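To start, the structure under review is shown below, and the notes come after it.
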Amino acid sequence: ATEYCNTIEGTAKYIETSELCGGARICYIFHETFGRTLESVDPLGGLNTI
Amino acid sequence: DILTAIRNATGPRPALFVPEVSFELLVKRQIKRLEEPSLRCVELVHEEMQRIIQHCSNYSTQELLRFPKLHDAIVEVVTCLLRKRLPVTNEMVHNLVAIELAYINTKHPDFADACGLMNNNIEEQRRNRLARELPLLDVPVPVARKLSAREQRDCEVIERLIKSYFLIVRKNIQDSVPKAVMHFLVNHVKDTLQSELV
Amino acid sequence: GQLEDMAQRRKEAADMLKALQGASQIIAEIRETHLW
């Protein structure tokens with residue numbers, strides 16, 4: 001539980017240098033993916049004038 | 001690797017400050033890497049003591065050679081004393097090494113001086129840049145300050161801090177270990193040898 | 001509310017402790033031989 005809390009707070013004893021993990025990956029997702037999804041969403045996606 | 005460790009230690013919050021977990025991990029690893037030299041020094045001391053004892057028995061104590069049984073008894077007694085004392089020295093060295101890790105002195109003046117020098121380095125560089133053939137380009141607010149290279153600066157600061165801490169630890173070890181070695185593996189052994197023989 | 005490799009390695013490490021016993025036996029045998 002202490003190790004999990006440390007990983008949550010970014011104080012993990014060991015860092016997975018192989019790939020992004022922990023709080024850093026969570027922040028990267030919440031920023032990049034969220035921004036891309038918001039930009040890609042069409043405010044009026046789908047309309048028919050007729 | 002340093003950049004990845006810094007990014008991971010940043011956590012959910014945006015990267016705006018130098019993480020401390022990575023520095024602690026690196027300094028702990030560096031300190032742990034210093035354990036093997038202590039064992040090598042202990043082994044060298046033990047070998048030197050054995051060689052000195054053998055030389056004394058061979059030359060300085062030729063009378064003891066007249067009684068092979070007595071010489072063998074003395075040799076085995078000394079060897080057993082060294083064997084039983086070596087764990088004591090090893091555990092004392094381990095405790096001395098672990099004391100520094102257990103208690104971290106963040107108020108040491110050396111760390112404050114290093115931090116001050118690191119902070120003043122940027123100001124010195126800016127002054128040097130702005131004090132060398134100042135000006136077509138006669139416009140204020142130079143763009144020389146820039147905004148990138150923050151990660152490189154943080155990595156350099158971390159490396160300098162780690163090197164300074166490693167040097168301080170090495171100096172402390174060099175100053176302390178000889179005293180404990182002399183107190184335990186030499187002085188105490190010499191004092192107790194006569195008592196054990198009697 | 002709700003809640004072999006290592007075993008072999010530790011067994012081998014424990015078995016390796018017989019070196020001290022062998023050394024002690026060798027020393028005792030050498031001491032006995034010195035008497036004769």
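Please note that chains go A, B, ... in the order of the structure tokens, that every chain numbers its residues from 1, and that ligands are numbered from 1 in the order shown.
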Near-residue C:35 list (12 Å; only C-alpha atoms; drop same-chain fewer than 2 positions) as a ChimeraX atom specification: /B:68-70,72-73 /C:28-33
Would you save the residues of that selection, restricted to N, CA and C atoms, as an mmCIF file, in the first residue's frame?
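Generated output (selection26.cif):
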data_model
loop_
_atom_site.group_PDB
_atom_site.id
_atom_site.type_symbol
_atom_site.label_atom_id
_atom_site.label_comp_id
_atom_site.auth_asym_id
_atom_site.auth_seq_id
_atom_site.Cartn_x
_atom_site.Cartn_y
_atom_site.Cartn_z
ATOM 1 N N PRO B 68 57.441 -26.660 17.835
ATOM 2 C CA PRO B 68 56.432 -26.626 16.762
ATOM 3 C C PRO B 68 55.004 -26.660 17.275
ATOM 4 N N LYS B 69 54.738 -27.417 18.342
ATOM 5 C CA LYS B 69 53.381 -27.481 18.876
ATOM 6 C C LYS B 69 52.932 -26.123 19.400
ATOM 7 N N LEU B 70 53.808 -25.426 20.128
ATOM 8 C CA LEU B 70 53.459 -24.101 20.630
ATOM 9 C C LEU B 70 53.241 -23.122 19.484
ATOM 10 N N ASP B 72 52.218 -23.837 16.426
ATOM 11 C CA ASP B 72 50.937 -24.157 15.806
ATOM 12 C C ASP B 72 49.776 -23.680 16.668
ATOM 13 N N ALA B 73 49.881 -23.853 17.987
ATOM 14 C CA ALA B 73 48.825 -23.391 18.881
ATOM 15 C C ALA B 73 48.647 -21.882 18.775
ATOM 16 N N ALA C 28 41.031 -29.732 12.432
ATOM 17 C CA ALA C 28 41.133 -30.700 13.520
ATOM 18 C C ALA C 28 42.004 -31.885 13.123
ATOM 19 N N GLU C 29 41.830 -32.388 11.899
ATOM 20 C CA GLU C 29 42.650 -33.505 11.438
ATOM 21 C C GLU C 29 44.120 -33.113 11.363
ATOM 22 N N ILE C 30 44.408 -31.903 10.880
ATOM 23 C CA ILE C 30 45.792 -31.441 10.811
ATOM 24 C C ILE C 30 46.385 -31.335 12.210
ATOM 25 N N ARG C 31 45.614 -30.798 13.159
ATOM 26 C CA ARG C 31 46.096 -30.698 14.533
ATOM 27 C C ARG C 31 46.382 -32.076 15.116
ATOM 28 N N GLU C 32 45.492 -33.040 14.872
ATOM 29 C CA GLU C 32 45.727 -34.396 15.358
ATOM 30 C C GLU C 32 46.978 -34.994 14.728
ATOM 31 N N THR C 33 47.178 -34.762 13.429
ATOM 32 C CA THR C 33 48.369 -35.276 12.759
ATOM 33 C C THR C 33 49.636 -34.664 13.343
#
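Taking only C-alpha atoms into account, chain C lies nearest to B:76 out of the set B:191, B:123, B:76, B:151.
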Do you have the atom CA of residue B:145-atom CA of residue B:17 distance handy? 18.8 Å
Which of stretch 4-180 of chain B end up as helix (DSSP H, G or I) when DSSP is run on this backbone - answer as a ChimeraX atom specification? /B:4-10,21-32,35-60,62-65,68-102,109-130,143-145,150-180
Pull the closest atom pair for each residue of chain A that gets at most 10 Å from chain B, along with the distance in Å to one decimal, counting only C-alpha atoms, ordering rows by chain and then ascending residue number, as CSV.
residue,atom,partner,partner_atom,distance
A:7,CA,B:11,CA,8.5
A:8,CA,B:11,CA,7.7
A:9,CA,B:11,CA,6.4
A:10,CA,B:11,CA,4.5
A:11,CA,B:21,CA,5.8
A:12,CA,B:9,CA,7.5
A:13,CA,B:25,CA,7.4
A:14,CA,B:25,CA,8.3
A:15,CA,B:5,CA,6.2
A:16,CA,B:8,CA,8.1
A:17,CA,B:4,CA,6.1
A:18,CA,B:4,CA,9.0
A:19,CA,B:4,CA,8.6
A:20,CA,B:8,CA,7.2
A:21,CA,B:8,CA,6.9
A:22,CA,B:8,CA,6.6
A:23,CA,B:11,CA,4.2
A:24,CA,B:11,CA,4.9
A:25,CA,B:8,CA,7.8
A:26,CA,B:12,CA,6.4
A:27,CA,B:12,CA,4.9
A:28,CA,B:12,CA,8.3
A:30,CA,B:12,CA,9.2
A:31,CA,B:14,CA,9.9
